[PDB]
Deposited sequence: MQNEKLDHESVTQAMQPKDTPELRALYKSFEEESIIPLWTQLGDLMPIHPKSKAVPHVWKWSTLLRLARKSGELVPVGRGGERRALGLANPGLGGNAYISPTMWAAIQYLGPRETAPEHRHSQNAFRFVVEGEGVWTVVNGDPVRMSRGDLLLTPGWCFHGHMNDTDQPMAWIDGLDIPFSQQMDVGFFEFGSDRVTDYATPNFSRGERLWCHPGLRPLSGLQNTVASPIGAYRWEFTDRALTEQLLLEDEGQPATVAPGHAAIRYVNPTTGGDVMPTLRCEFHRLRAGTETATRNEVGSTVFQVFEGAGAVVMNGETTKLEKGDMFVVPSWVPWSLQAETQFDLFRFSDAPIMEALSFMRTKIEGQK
């Protein structure tokens, strides 16, 4: 029950409004809920829809009338009109038309770019051009100048993933505009850092984000395959049966690519069904290849190549593989783990 609804009490309460006081006893339980109950909801975006809307955006929105910001933000139906896939993350399909470019900027927000379709596009990160192609994870960590340049008559689309929504709500955003379109097969960063177990004596200082600008498909495919081959041979390797998986990491540290964002890739042998997990914080997945399904909150949704979905904080989820099922993944887990808020429930266990 509340306090007696008296004239004295309504006066007290008129004073509260005047004085910028809100009394705890008027509040609803869910200011401190039994467990996390997100405003954001589990949602799926069909690739064939995203691709159709992106080609269309490309016709209608050329450069000089919107075309240098041609990204279609996946907006969670529960997040009140904000361009947020979850409370922490932004996820958009950038569509780069034939021969298009962008100038250099920087910002505190951390970003990656995961190539879906296309080749011959370079993103230049602090002056170092990083060739882009299908299955490549690129990084443009906080405060690194990045611009891009298409070298071809062909469109490219990629997932444009950022901690924009965390950064906006917590007030950490900074942004600056900056000052030959070279096309090396491999960036300097990779030429220094993509040799396994080796570290340059000039790179002895640890960094906060990874210095690897592209994690190329090749390597991601080979690791996932070797984990499956090791399963066939009775050797331990997969996280769970028929579930191969790698985390993309900062080689100076062995930790996450950037402070706010985790990236991973999972490959599921056909028939594999994962155990249901409740994880604190939000994750987004994208079907790289194959066919299968997700369950979220008990509800199964069938998935096709390119489809993207979000699991908010604590929503129970699992994946199931009809064919062999490749999935790119990202999450706000390094925020929850850095701050000791992370909890995990797994069904068996």
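Student: Where does the structure fail to cover the deposited sequence at the C-alpha level?
Tutor: Several regions go unmodelled: 1 to 14, 194 to 197, 368.
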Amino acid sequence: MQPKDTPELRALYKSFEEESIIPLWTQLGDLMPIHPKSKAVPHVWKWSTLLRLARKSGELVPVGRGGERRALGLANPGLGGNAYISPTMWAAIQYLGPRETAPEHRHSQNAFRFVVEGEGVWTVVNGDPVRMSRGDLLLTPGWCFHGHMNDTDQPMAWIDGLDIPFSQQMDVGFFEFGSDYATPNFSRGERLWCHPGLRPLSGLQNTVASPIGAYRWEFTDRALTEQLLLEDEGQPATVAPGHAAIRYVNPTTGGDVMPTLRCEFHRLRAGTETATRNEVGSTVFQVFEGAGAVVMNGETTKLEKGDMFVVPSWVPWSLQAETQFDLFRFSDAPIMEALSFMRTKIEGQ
From here on, numbers count along this sequence of modelled residues.
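Student: Please compare 335 to 343 with 7 to 15 and name the stretch with the higher mean C-alpha B-factor in the deposited structure.
Tutor: Going by the record's values, the stretch with the higher mean is 7 to 15.
Student: Look over 231 to 239 and 251 to 259 in the entry and identify the one with the greater average Cα temperature factor.
Tutor: The stretch with the larger mean CA B-factor is 231 to 239.
Student: Which one of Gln205, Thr183, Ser86, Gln109 shows the top CA temperature factor in the record?
Tutor: Max CA B-factor in the entry, restricted to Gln205, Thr183, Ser86, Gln109: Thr183.
Student: Compare the CA B factors listed in the entry for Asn126, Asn76, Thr140, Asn278 and report the winner.
Tutor: Top of the list by C-alpha B-factor: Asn126.
Student: Just say lowest, middle or highest third for the CA B-factor of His43 relative to the other modelled residues in its chain.
Tutor: It falls in the bottom third of the chain.
Student: Lowest, middle or highest third: where is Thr323 by Cα B-factor in its chain?
Tutor: Top third by C-alpha B-factor.
Student: Grab the CA temperature factor for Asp163 from the record and place it in the lowest, middle or highest third of its chain.
Tutor: As the PDB entry reports it, the C-alpha B-factor of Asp163 lands in the lowest third of its chain.
Student: Should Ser313 be placed in the lowest, middle or highest third of its chain by the C-alpha B factor in the entry?
Tutor: Ranked within chain, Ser313 CA B lands in the lowest tercile.
Student: Just say lowest, middle or highest third for the CA B-factor of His105 relative to the other modelled residues in its chain.
Tutor: As the PDB entry reports it, the C-alpha B-factor of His105 lands in the highest third of its chain.
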